[PDB]
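[1] How does the following fold in three dimensions:
(9 chains)
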Amino acid sequence: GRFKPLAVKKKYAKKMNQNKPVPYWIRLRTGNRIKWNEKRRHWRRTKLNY
Amino acid sequence: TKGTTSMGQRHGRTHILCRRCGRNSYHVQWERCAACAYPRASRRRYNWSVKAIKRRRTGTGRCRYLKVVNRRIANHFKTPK
Amino acid sequence: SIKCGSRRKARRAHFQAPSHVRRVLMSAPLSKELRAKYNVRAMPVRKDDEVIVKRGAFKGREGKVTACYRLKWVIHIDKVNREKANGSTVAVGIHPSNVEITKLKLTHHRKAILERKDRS
Amino acid sequence: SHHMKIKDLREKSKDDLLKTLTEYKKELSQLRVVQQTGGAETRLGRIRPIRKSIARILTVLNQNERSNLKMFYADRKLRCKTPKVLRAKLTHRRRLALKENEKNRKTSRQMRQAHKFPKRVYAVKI
Amino acid sequence: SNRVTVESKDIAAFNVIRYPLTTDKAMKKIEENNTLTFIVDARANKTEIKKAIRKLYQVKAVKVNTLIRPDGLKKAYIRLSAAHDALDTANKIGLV
RNA sequence: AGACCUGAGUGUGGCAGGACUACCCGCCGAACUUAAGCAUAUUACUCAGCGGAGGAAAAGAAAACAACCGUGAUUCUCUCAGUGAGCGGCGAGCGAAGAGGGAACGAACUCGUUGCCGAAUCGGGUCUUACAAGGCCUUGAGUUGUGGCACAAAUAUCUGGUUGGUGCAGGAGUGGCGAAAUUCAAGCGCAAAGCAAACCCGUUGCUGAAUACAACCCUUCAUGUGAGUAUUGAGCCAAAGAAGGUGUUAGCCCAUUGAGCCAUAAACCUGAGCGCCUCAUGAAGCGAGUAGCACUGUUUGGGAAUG
RNA sequence: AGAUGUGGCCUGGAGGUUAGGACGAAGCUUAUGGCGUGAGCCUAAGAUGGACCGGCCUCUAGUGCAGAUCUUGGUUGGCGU
RNA sequence: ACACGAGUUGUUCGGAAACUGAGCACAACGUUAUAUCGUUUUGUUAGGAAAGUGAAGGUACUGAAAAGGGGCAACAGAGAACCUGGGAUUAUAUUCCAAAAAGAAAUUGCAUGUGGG
RNA sequence: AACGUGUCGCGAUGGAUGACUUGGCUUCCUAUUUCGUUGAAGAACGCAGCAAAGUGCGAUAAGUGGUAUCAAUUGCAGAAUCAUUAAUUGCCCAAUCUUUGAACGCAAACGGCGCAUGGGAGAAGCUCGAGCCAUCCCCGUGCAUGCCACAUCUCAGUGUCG
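    Residues are numbered from 1 along each chain as shown, chains lettered A, B, ... in the order given. Have a look at this structure:
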C-alpha cells in the first residue's frame, strides 16, 4: 500500500541494506569462516510483517 | 469450508509492532503488548515458562549501563588526585 | 598466556592472547655473542633485527626480518622466500622460537628492556 | 589533513579551538564529497585523522567547560544549586546511604559509657 | 542549564547538508533546471536546508524538494536562484 | 481587625515508580500422585499467582528450658530420632522438643513509662580553611513534649579521642608493572641401528640376512623418502621436573616456574599509626480492644484445642 | 521361565607394572591364516592411514543390540514408473 | 532469478496540526492479601476546592461572566486553498517546468506603502 | 543368447570410526562484589577508506582522553617517521553517550503538538552595505502524579475564638 508510518518505513530501509552479499575480500581475512551471507532474504519467502 | 478456502478470508492484522518489547505482539483493537505487557509499568514475566524469562534477562542486551558501573564498583570509584 | 595445569585454560589464554602478550610469547634466542654482551637469554623479535634460522628446511639462512606478523604467530625474513605458481616470490613465514637473533636493532625503550633483564 | 597533536590543543584559548574546530569539519565535509566521486585514495584515507582530530578538539572543549563549572561551584552557599550533571555520580544506593558520619552518631549516654569503659589491650600469657 | 558541554554554532550547517549526489538524474537537474541534489540530514526542515545552503555555499535557494529514499537517507533537490548558476557551484565542489 | 485548628494553591530541596528474583522474607495456594477404589488423609503448609529486600535475609538480648549438683540472646552442625514421643479412614502414612559434643561469639544497646530536670532540642541562615556532634542568630518546628540524668553489668547529681570537624605525615597489606638456570656431535631407503640375558665387567669388545621395497613372471632403464620434540653419544641447570608453544615424544628452542624491584585518589590495616587548631568526655512506676475467653476457619507431632 | 558359577570374553576411564611407535599409533579394509566348545584373541597384507598405544594385577562405570508402528542421518527396490 | 548502478520531489493531493461516533481508560475515587479490578456520555470524572481565562472600571490592580479534569478512537463519516498544457523521464508527477516560469489562479500568516476612518 | 545372480580388482554415492578440542557440566575458594528519575534492564536506528552478519562504539560512533607497554595493525589501501608529545595492545581515573523504556509536558501504526524561559538563524520591513528584525524555521532547560520537608509566601470554612 501507499500508507506507512515513518518508523515502519525505516525498518524496511534497514532490512533492504542488510540483503547485500558478503564482500569478496572479507573471505580472505586470516582465520575466516563466513562464506556466503546466511541472513539473506527474498520477499517471496519469509515475510517481514513490519 | 474451514479450509484452504476460509484460510484466504484472513485480512488485516490483529497484532502490530510494539515500542518496548519490539516484537509483533502489540494488540491493536485494545492496546497491549502480548509479550511486554506495554503499557504496564511492570513488565510481563511468569514462572511457568522459564525459557521465556531468560530471553528477557539483564544479560541479553548490550548491558551499556552495566558495563560502566560494574567497572566503577570493581575499581572502587577511582578519581585523579 | 601463562602455563596452567588445566591445558584448557592454557591453550585458551595462549591463542586468545592479545598483541602485546603475543610479542613476548614469540621471542627468539639471541646468539652467544649477544648473550656475552647483554647477559640475556632471549628477547622478543622486533621488525628490523637481523636473524638466522636454525630450525628447518631453511636451516642456515640469514636475513633481516621484514616484519613480525603477530596474527599468524610468525616472522617474515629477507632471503627466506618462495616463488608462487606465476613466478613472483612470497615471503615464507617462520616461527621465532626456531630462529636466532644475531644482530638486533636498538631503540631507547628496547634498551631499557636489556638493562631490565640483566642477570648480573 | 593530518592531525592536531593533543598537547597543542590544551594550550589554546576557547575561541581558538572553536575557530579551529570548524575548519577541520569544513575539510571533512569536503572529503565526504570525495567519497562520492573517487580519485586519490591517498586523499580518501585521510578521513580518519580528521574525524579523530575533531574528536580531539571537542575532548578539550568539554573537559575545560566541565572543569570550569566544578570550580564555579565551591562555596556552600553556591552548592546544592549545582547541576545534577556536575554532582558526582555513585550507585543509586551509595548516594542515598548513610554517610560515615551519620551512622556513627552516638547518644550522649553511649559516649559517656564508652569512655568510662574503653576496650583495652591485654595479654594473659604470663 | 544542566546540559553544559559545548555548542559550536558554526557547525549546524555541516550536519544538515552532507555529500552531494553524482547520479545520472542529479546531473541533469544541474544543466537544465538549475538545481543541485544533496543527501541531507534525515531530520532536516526545508527551511533549514535553505539556510545551510546560504551558509556553506553562499547561494540562495528559491525552492527545496525533500524526499526520503527507501534507504532512509533524505535527498533534497535545491533550486538555487537564476541569478546564480548551479553549474558554477557544482564545479566549485565536484563534479562530473 | 488578627490569632488558633482543620484544609487548599505555588515556589525551593528531595524521594517512591522499573529491572534483577538462585537463595531470603510476607500472603495466596492447587491438582496429578499414594491409599492398590475414594471423600478426611497424602502429595503439601510444595508447583503456579501477588508483594519485598539484602549481600545474605530472617531471628535475637528470655513473659526461655528444665524439675537438675540445675542451664542462660539468636543462628548453625552432629546427635536426640524415622522415635516403646506423638498425630493418622490409629490405614496409607506423618513426625518434632529440652539435654549432650561442637561452629560462632570483645555482644550487646534505646525508646516509652516512673522520678528529677524543663527547649539545654531540631531545622534554617551565617561565621570560624568546616552544609563542625562548634560559636552566634533565628515565633521558623516544637510545651498536645524535643532533650538531659538513673534503674540491678545499679547503688548521687556540679587524663583520655584519628568513630566530632578542619589541614598536613609515614610505613603496610590489597591492585597494577617488571624480574633466572643450562646444548651441541654423527645425514639420510638401509648403523641418526643393535648385541654382550639381575648388578658389576661396560670410560670395553663385537657388527650388518635391507645385494633393499615398488603387484602375472623375468630383464633393462626411470623415480621415490617433508620437519629431528626420535635414536646414539657427549654435556649441563635444578630454592626452577610446571602440565603451555614449536613442522614428530622438549627440564636445557620460547613462554613460564621465584626471592625481589618500581609505581600508588580515597578507604583499609598499625602505641584505637603520629603532630597541629578548635570539640566533647572519667519514693514511684515499667508498654490495652493488648493477653485471654467463646464461635468459626486454618495450620501443627501438639493430644478437652501449638500458632 | 528361573537360580548360580567361571584363573571368562569384550568396552571408556583411575591406581600399578611391563612394553611398543615416523624403520609407521589408534582407525579402517581384506578367498590373511593360526588358536579357543564359545564370547573372542592373535599374526599376515593394505599399491590404507598419519600420531599415538598394547599386555598383566587391581579399582571404576553413562560398559556388549537385530527387533519398541524404537530415535537421528543416510540409502534403497517400486521406477525412468 | 542473480549480479551491479539508479529510481519515490507537493503552500493546495491523503494524513497530522483541528471534528465528533460505536467505543477505549489516564487522572480521581473506591475495592482487593495484591491493581495486573470496577466506575469513567442518559450532559460527561471525582464527598467534589481540578476554571490561571478577564466584561465593565482603575492604569497590569480590581473581578462581572462562564457548573460538570486530560486525552485518544474515521486514510470510506465531518473537514480540505489548483488547474490543464509539455519535447518533463530508462524509471516519479494535479509533486517536476524560472522571466515570455508553457502558464493561468486560489488561500494562510505578518509587514510597508498609498485611500478612508 | 539377453536379463538376472555370485566372487574378486578398482571406482562412486554416503559421512561412520579414530585421532584432535579456546565448548559443556559439576565441585570448590577469594572480595573496600549488587542496578535505576544524575533516566536502569530490554527495545530501535546508526558508525569503519573499503563493512551484509557478529563484536565494539554513539553525531567526538570500529572510538576521544590518562597511565602502563615498547614497534605495529594486516584481506587491501592509507599513514608522523623512533625518542614516546602519533604504532599497537592491555588497564582506568577525564570525557562523549542518537531514538526510546519505570518514562515523567500532551499524545501516538503521527520522527506529531504544546505552555513558560533563555539562545541562534532571518535576502521582508525599518535603519546607514553594516545594525536591528514581524510571521515562519531552529536549539537548550523546566513542566507526570503522589508524598516529605520547607516559604517565615497567597488563600478557604454559618469549625473555635477577639
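[2] And the strands in chain C?
    C:27-29, C:42-44, C:50-53, C:62-63, C:67-69, C:74-83, C:89-94, C:99-103 (DSSP state E).
[3] closest one to chain A among those strands?
    Smallest distance to chain A across these (CB to the nearest CB): 8.9 Å, for strand C:67-69. Where you see a C-beta, it was placed from the backbone N, CA and C, and this is true even at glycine.
[4] right, is that closest one up against RNA strand I?
    Yes. With CB under 7 Å from any atom of the strand as the criterion, RNA strand I is reached by strand C:67-69 at C:67, C:68, C:69.
[5] right, is that strand up against RNA strand F?
    No. Under the criterion of CB under 7 Å from any atom of the strand, RNA strand F is not reached by strand C:67-69; the shortest gap measures 13.1 Å.
[6] Give me the residues contacting the helix ranked longest in chain E.
    In chain E, ranked by residue count with DSSP state H as the criterion, the top helix is helix E:46-56. Counting by CB atoms under 8 Å, 6 or more residues apart in numbering or on different chains, helix E:46-56 makes contact with E:12-14, E:16-17, E:38, E:40, E:59-61, E:64, E:66, E:76, E:78, E:80, all of which sit outside it.
[7] Would you reformat the strands of chain C as CSV and include distance to residue B:75 and mean neighbour count?
    Written out in CSV, the entries for the strands of chain C read as follows (distance: least, CB to CB, whole Å; neighbours: other CB atoms under 10 Å in any protein chain shown):
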stretch, distance to residue B:75, mean neighbour count
strand C:27-29, 32, 20
strand C:42-44, 30, 18
strand C:50-53, 42, 21
strand C:62-63, 46, 18
strand C:67-69, 33, 16
strand C:74-83, 37, 17
strand C:89-94, 40, 15
strand C:99-103, 39, 20
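[8] who's in contact with the residue in chain A that RNA strand F sits nearest to?
    Among all residues of chain A, residue A:31 sits closest to RNA strand F, at 13.5 Å; criterion: CB to the nearest atom of the strand. Residues counted as contacts of residue A:31 (CB under 8 Å, 6+ apart) are residue C:71.
[9] element containing it?
    When elements are assigned from DSSP states H and E, residue A:31 belongs to no helix and no strand.
[10] Count the neighbours of the closest residue to RNA strand H within chain B for me.
    Closest approach between chain B and RNA strand H, counting by CB to the nearest atom of the strand: residue B:42, at 4.7 Å. Under the neighbour criterion other CB atoms under 10 Å in any protein chain shown, residue B:42 is assigned a count of 6.
[11] what's the answer for residue C:110, then?
    Here the neighbour count serves as a burial measure; for residue C:110 (other CB under 10 Å) it reads 14.
[12] Not counting sequence-adjacent ones, nearest residue to it?
    Once its chain neighbours are removed from consideration, residue C:110 has its nearest residue in residue C:46; the separation is 6.7 Å (CB to CB, 6 or more residues apart in numbering or on different chains).
[13] and that neighbour, how many neighbours?
    Residues contacting residue C:46 under the criterion other CB under 10 Å number 17.
[14] if we can go back for a sec, please convert the residues of strand C:67-69 next to RNA strand I to JSON lines, extending it with distance to residue D:125.
    Listed next are these as JSON lines, based on distance: CB to CB, whole Å:
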{"residue": "C:67", "distance to residue D:125": "69"}
{"residue": "C:68", "distance to residue D:125": "64"}
{"residue": "C:69", "distance to residue D:125": "67"}
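[15] counting contacts, what elements does the longest helix seen in chain D pack onto?
    Under DSSP H, the helix in chain D containing the largest number of residues is helix D:47-72. In this structure, helix D:47-72 packs against helix D:6-9, helix D:14-36, with contacts taken as 3 or more CB pairs under 8 Å, 6 or more residues apart in numbering or on different chains; DSSP states H and E.
[16] measure the residue of chain A closest to RNA strand F to residue C:104 for me?
    Distance of residue A:31 to residue C:104, computed by CB to CB, to the nearest Å: 30 Å.
[17] for stretch C:65-74, how far is the first residue from the last?
    Using CA to CA, to the nearest Å, the end-to-end distance of stretch C:65-74 comes out at 11 Å.
[18] Stretch E:75-88 close to chain A?
    No. Judged by CB under 8 Å from any CB of the partner chain, stretch E:75-88 makes no contact with chain A; its nearest approach is 13.0 Å.
[19] of the strands of chain C, which approaches RNA strand H most closely?
    Each of the strands of chain C has some distance to RNA strand H by CB to the nearest atom of the strand; the shortest is strand C:89-94, at 29.3 Å.
[20] what about the closest one, distance to the chain center?
    Strand C:89-94 has its average C-alpha position 15 Å from the chain's average C-alpha position, going by CA atoms, centre = their mean, to the nearest Å.
[21] So it, near RNA strand I or not?
    No. For strand C:89-94, no contact with RNA strand I is found by CB under 7 Å from any atom of the strand; the gap never falls below 9.4 Å.
[22] now for that strand, which elements pack on it?
    The helices and strands touching strand C:89-94, judged by 3+ CB pairs under 8 Å, 6+ apart, are strand C:74-83.
[23] And the contacts of the strand it packs on?
    C:26, C:28, C:45, C:51, C:53, C:58, C:61-69, C:89-96, C:99.
[24] Could I get the phi/psi values of the closest residue to residue D:72 other than its chain neighbours?
    Distance criterion CB to CB, 6+ apart; nearest residue to residue D:72, sequence neighbours excluded, is residue D:78 at 7.8 Å. Phi and psi for residue D:78, reported as degrees, to the nearest 10, are phi -90, psi -10.
[25] Next, count neighbours for residue D:78.
    Under the criterion other CB under 10 Å, the count of neighbours that residue D:78 has is 10.
[26] ditto for the one 4 residues further on
    Here the number of neighbours of residue D:82 (other CB under 10 Å) works out to 15.
[27] Could you do residue B:22 as well?
    Using other CB under 10 Å as the criterion, residue B:22 is surrounded by 12 other residues.
[28] Name the SS class of it, please.
    Put simply, residue B:22 is coil when judged by DSSP: H, G, I helix; E, B strand; the rest coil.
[29] ok, it to chain E distance?
    In this structure, residue B:22 and chain E are 18 Å apart, going by CB to the nearest CB, to the nearest Å.
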